[PDB]
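Nothing fancy with the numbering, it's 1 onward along the sequence.
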Amino acid sequence: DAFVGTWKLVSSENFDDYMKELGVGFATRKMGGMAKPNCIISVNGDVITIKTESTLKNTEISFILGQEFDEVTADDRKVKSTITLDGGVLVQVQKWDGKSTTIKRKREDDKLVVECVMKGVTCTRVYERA
Ligand SMILES: Cc1ccsc1-c1cc(-c2ccccc2)c(-c2nnn[nH]2)c(N(C)C(C)C)n1
């Protein structure tokens with residue numbers, strides 16, 4: 001929709017703190033911090049696919065809105081994820097071991113803006129069309 005396309009990371013704030021709050025160790029935080037990923041979003045019928053591509057790490061999720069699915073995260077957490085559409089915004093929650101984190105994806109002007117929250121820590125990443 002507003003979301004379909006190939007998106008390149010152009011800015012990031014508080015990503016190290018967000019990863020620390022998730023309990024991620026130094027080596028994996030170093031890798032994730034210096035990564036400069038592209039995000040490819042596509043839709044076919046009921047199914048949305050989000051591909052992440054970077055020099056040292058690739059990931060992919062596919063899902064139907066409102067339907068819980070199993071996901072392996074970049075840092076190797078095994079989580080249960082649910083993604084819904086609320087007022088134009090894609091809202092994702094990941095649940096594991098009694099914990100949760102939220103990831104919201106929104107379109108604003110020329111930007112894809114992503115906000116990630118874990119407890120008291122908020123991270124913001126911005127992507128533009130490749
Ligand atoms: C490393 C790590 C540890 C705990 S979370 C995490 C992580 C890693 C990446 C990543 C993916 C590939 C290349 C480099 C980093 C992204 C990401 N950034 N852009 N696309 N995926 C991400 N975000 C929350 C996502 C949902 C926006 N979280």
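Under the 3.5 Å distance criterion, the side-chain polar atoms of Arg129 are left unmatched by any main-chain donor or acceptor of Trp7. Not a single donor-acceptor pair under 3.5 Å links the side chain of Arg29 to the backbone N or O of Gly33. Without hydrogens or angle criteria, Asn58 side chain to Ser54 main chain gives a donor-acceptor distance under 3.5 Å.
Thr84 and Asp86 share no side-chain donor-acceptor pair at under 3.5 Å. In this structure, a donor-acceptor pair under 3.5 Å is present between the side chains of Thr49 and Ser62. For the residue pair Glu115 and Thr124, no side-chain donor N or O sits within less than 3.5 Å of a side-chain acceptor on the partner.
A salt bridge links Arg77 to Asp75: at least one charged side-chain nitrogen sits closer than 4.0 Å to a carboxylate oxygen. In this structure, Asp70 does not pair ionically with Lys78, as no charged nitrogen and carboxylate oxygen lie closer than 4.0 Å. For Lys80 and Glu68, the salt-bridge test fails: no basic side-chain N is under 4.0 Å from an acidic carboxylate O.
Remark: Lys8 NZ is packed, more than 12 non-hydrogen atoms of other residues, nucleotides or ligands lying under 6.0 Å away.
Between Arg125 and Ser12 the shortest heavy-atom distance is NH1-OG, 3.1 Å. Heavy-atom minimum distance, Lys95 versus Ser100: CG-CB, 4.3 Å. Counting all heavy atoms, side chain and backbone alike, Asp46 lies closest to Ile64 at O-CG1, 3.6 Å. Across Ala2 and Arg107, no two heavy atoms sit closer than the pair O-NE, 2.6 Å. Of all heavy-atom pairs spanning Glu71 and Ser81, the tightest one is OE1-OG, 2.7 Å. Pairing each heavy atom of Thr52 with each of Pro37, the nearest pair is CG2-CB, 3.9 Å.
Here the CD1-CD1 distance, from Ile103 to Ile83, works out to 8.0 Å after rounding to the nearest 0.5 Å.
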(Q) Working note: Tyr18 + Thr122, criterion side-chain hydrogen bond (donor to acceptor under 3.5 Å, both in side chains); need CA distance, chi angles, decisive distance, verdict. (A) CA-CA 7 Å; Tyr18 173 77; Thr122 310; over 6 Å; no
(Q) As a quick check of understanding, evaluate side chain to side chain contact (heavy atoms under 4.5 Å, CB included) for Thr101 and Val93, giving each step before the final call. (A) CA-CA 6 Å; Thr101 187; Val93 63; over 6 Å; no
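With a 6.0 Å cutoff to the six-membered ring centre and a 45° limit on the axis angle, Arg105 does not count as a cation-pi contact of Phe3.
Following chains of ILVMFWY side-chain contacts shorter than 4.5 Å, one can reach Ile61 starting from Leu85, so the two form part of one hydrophobic cluster.
Between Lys104 and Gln92 the shortest side-chain heavy-atom distance does not fall below 4.5 Å.
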